[PDB]
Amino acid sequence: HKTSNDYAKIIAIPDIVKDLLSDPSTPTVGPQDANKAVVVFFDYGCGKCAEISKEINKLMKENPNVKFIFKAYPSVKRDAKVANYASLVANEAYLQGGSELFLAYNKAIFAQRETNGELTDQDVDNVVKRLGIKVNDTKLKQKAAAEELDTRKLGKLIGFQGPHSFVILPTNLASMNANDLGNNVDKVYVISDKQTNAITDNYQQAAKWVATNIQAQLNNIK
């Protein structure tokens, strides 16, 4: 099995674990005292992420005690400026309205993408206006054009090459030191983007496989 990345081993250091689980600016859903977490790397401009998002919505309802953490990873396929902008707006929606406003924004952006076959900056602005999100759109647009997302840098550091990468892990790894964490690499479970892309080209059956696999891993954490 050459050319396989040891994602769990890379993840299992305090710096990366706390970024995955404890970044206050990253949109989350579910209780802060959840014992289990699912980290979703996603791309608002990606049609497959749009199908996956709907399966994740169901997963969150089926697992109300589980924490879901949404890390934006715009694909290196497309220009990232729009997806960057939409992700930066998602951060402001989460800071203002918490999980609830984030989910409404999140669901509405992916609906635009699933519907039109593309995402535009006007799609973001109209969702912003509609849901009453306060943004300095000029500043965020410039940031979207100028910077790489920190959530994308995190995903790249882990070894993911793109969105629909997932990490399922216990939340108590956030309180472990480097020695503790290295003895607990086994508790870090990863569905890589290479795995997700190897499934199929049917977006829906890929989303359903991902959801079924996440549920099993969740079931397997104490």
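Just count from 1 along the sequence shown to find any residue number.
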property: Entry-level comparison of average CA B-factors, 70 to 78 and 92 to 100, reporting the higher stretch; result: 70 to 78
property: Residue stretch of maximal mean CA temperature factor, 21 to 29 vs 202 to 210; result: 202 to 210
property: Which of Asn116, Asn106, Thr151, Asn84 ranks first by CA B-factor in the deposited coordinates; result: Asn116
property: Among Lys36, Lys58, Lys194, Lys156 - the residue whose C-alpha B-factor is largest in the record; result: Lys194
property: Ranked C-alpha temperature factor of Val135 among modelled chain residues, by third; result: middle
property: Third of the chain, ranked by Cα B-factor, where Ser175 sits; result: middle
property: Third of the chain, ranked by Cα B-factor, where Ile52 sits; result: middle
property: Modelled-residue ranking by C-alpha temperature factor, third containing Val188; result: middle
property: Third assignment of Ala145 from its chain's C-alpha B-factors; result: highest
